[PDB]
Amino acid sequence: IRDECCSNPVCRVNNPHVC
């Protein structure tokens, strides 16, 4: 529980469901 990259469209675009 630390999905900081969720608030980043660059992270969530490459990650499958990290949020």
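Note that chain A carries Swiss-Prot numbering, so the residues on display, from first to last, are 45-63.
Method of determination (from the header): solution NMR.
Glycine is treated like the rest: Cβ placed from N, Cα and C.
According to Swiss-Prot, the feature disulfide bond maps to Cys49-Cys55, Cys50-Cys63. What Swiss-Prot records for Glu48 is 4-carboxyglutamate, and it gives experimental evidence as the kind of evidence. The 4-hydroxyproline annotation in Swiss-Prot covers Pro60, and the record cites experimental evidence as its basis. What Swiss-Prot lists as site 'Important for determining subtype selectivity' is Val57, and the listing cites experimental evidence.
Distribution of Swiss-Prot features across the structure.
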residue : record                                               : Cβ contacts under 8 Å, 6 or more apart
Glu48   : 4-carboxyglutamate                                   : none
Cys49   : disulfide bond                                       : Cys55, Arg56, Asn59, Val62, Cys63
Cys50   : disulfide bond                                       : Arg56, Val62, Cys63
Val57   : site 'Important for determining subtype selectivity' : none
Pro60   : 4-hydroxyproline                                     : none
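Of all Cβ atoms in the protein chains displayed, 14 besides its own lie within 10 Å of the Cβ of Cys55 (disulfide bond). Residue density at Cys63 (disulfide bond): 12 other Cβ atoms are found within 10 A of its Cβ, drawing on all protein chains shown. Classification of the residue listed as '4-carboxyglutamate' by DSSP places it within a helix. Under the three-state DSSP scheme, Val57 (site 'Important for determining subtype selectivity') falls in the helix class.
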